[PDB]
């Protein structure tokens, strides 16, 4: 309805959904001022909401997307385009994939349109430190300039770090931290901010689960650590939580349980990097907390027909 600001999300969201049906990699053209607008408008909404989101079921949580726009569109076509359903993405929207720009813009756009039904957390690829090395920088400078990139940087720096659904499901891109004892440590976190090579915030965006590990172990990623199922239990038993939802790691079926269904990993980028042949995941959480999984098989993975009967 009439009036308001400069950015017309309606115009952008639309143009962005227009390539639905067009060949993948088909570009959604737009003004750097519309992109820069998206950044600043969303950035302002993030800062206006907690760093530790306190959300409420029902909602559909998603894992990494890594610029795989064609697939993200497919995710929404499955769980329903906003505001049809409540969404909570766990990070890693850029790098690797072909369309980080299309992907993030749409996400941010929706964040603006439905700021109370749409949420984005920060993935480890939401740090200039690394998406500079993994393609997002090049995809920006390729279609715009390094400054547009820096504007995204200022935005990512404002993203929330975690979310707690109905007070029972702790969500974050990476995982746990030997520093995380009280949620309050999250809440007292300055923003805008970057991501250190070490620290509580770095752990949340980096750490990983490892059955072969008991307590705290080192991480083959060269940063942060890894945690055993016992640490997961101590955590939950502590804050009285039921589940720890996260992404960060590629999992064959889109999702994967750990520590006896105490923790789950979601990855929503089908056939990631074309290297692996994994499916994409998406967890549905209704008002009861009845969690189910909607899977997204790699596209172009057509199953040879059979007469049927």
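Numbering follows the first chain given and starts at 1.
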Assert higher mean C-alpha B factor (26 to 34 or 58 to 66, deposited values) equals 26 to 34
For 212 to 220 versus 85 to 93, entry-based mean Cα B-factors point to 212 to 220
One of 173, 238, 113, 150 has the largest Cα B-factor in the entry, namely 238
Temperature factor at the Cα of residue 9, chain-ranked in thirds, falls in the middle
By the entry's values, the third containing the CA B factor of residue 261 is the highest
By the entry's values, the third containing the CA B factor of residue 168 is the middle
Quick tally, chain-level thirds of C-alpha B-factors: residue 162 sits in the lowest
On the chain's distribution of Cα B-factors, residue 242 falls within the third called highest
